[PDB]
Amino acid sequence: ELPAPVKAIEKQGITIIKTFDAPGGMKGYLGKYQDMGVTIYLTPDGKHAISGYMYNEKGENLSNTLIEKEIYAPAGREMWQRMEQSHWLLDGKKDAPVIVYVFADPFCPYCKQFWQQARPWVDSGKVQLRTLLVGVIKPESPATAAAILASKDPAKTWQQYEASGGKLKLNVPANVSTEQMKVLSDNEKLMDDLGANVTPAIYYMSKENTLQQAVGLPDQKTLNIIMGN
């Protein structure tokens, strides 16, 4: 069966995922304790095993890197893809290295405050905000979101809208077009799939491409992390 030392560790509440190659003639075992990832290393003598974190000369926590890359990160990747494939509005340079998605409603105070908080990074060309509009807060939310999508330059209109705190006057069409409705409905479903029904729902990448989330108005630390600072 499994080496005795490792079996002893399983009894401490660990469920093994797979084995992997480690340095120094040591064999590695990747597993989980409840929702936490763990790495186990069988010693050369083969009669001992160490549950913990391995660091290299450069000081990198290899265990952490492996755990984030193989356990925490994967599942959310397809979601990041779905957002990229959605009809988002661009705020910032197309080549900005840091990408941040935000599900926003036109009648959402924190959506506007977050928009303002992000200006330094967006204007510097470091961050690009990709907004996925939804109409879920107020009765007029759908029509207003669609009106923005119907404007000559949706991205610019959204920016002006957020900058003005929603005071920007708009040309609201006689009805929501079928395409606009599809966009809103699709975005709302994706947002729902991500687990957060409150706007703004902010998504970004960090920790070995782990899909991260922020809901509501981020505080200073969260803001700096979202911005990739």
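In case it trips you up, residue 1 is the first one in the sequence shown, and so on.
Enquirer: Looking at the deposited entry, does 67 to 75 or 81 to 89 carry the larger mean Cα B-factor?
Expert: Looking at the record's C-alpha B-factors, the answer is 67 to 75.
Enquirer: Taking the mean of the C-alpha B-factors per stretch from the entry, tell me the winner out of 32 to 40 and 182 to 190.
Expert: Comparing averages over the C-alpha atoms only gives 32 to 40.
Enquirer: Among the candidates 205, 214, 16, 22, give the one with the maximum CA B-factor reported in the record.
Expert: In this record, 22 carries the highest C-alpha B-factor of the candidates.
Enquirer: Among the modelled residues of its chain, does the C-alpha B-factor of residue 104 lie in the lowest, middle or highest third?
Expert: Its C-alpha B-factor belongs to the lowest third of this chain's values.
Enquirer: Give the position of residue 168 by CA B-factor within its chain, expressed as the lowest, middle or highest third.
Expert: Ranked within chain, residue 168 CA B lands in the highest tercile.
Enquirer: Mind checking which third residue 94 falls in for C-alpha B-factor across the chain?
Expert: For residue 94, whose C-alpha B-factor we compare with every modelled residue in the chain, the answer is the highest third.
Enquirer: Splitting the chain's C-alpha B-factors into thirds, which one does residue 175 fall into?
Expert: It belongs to the highest third of the chain when residues are ordered by C-alpha B-factor.
Enquirer: Looking at the temperature factor on the CA atom of residue 26, which third of the chain's modelled residues does it land in?
Expert: For residue 26, the deposited C-alpha B-factor lands in the highest third.
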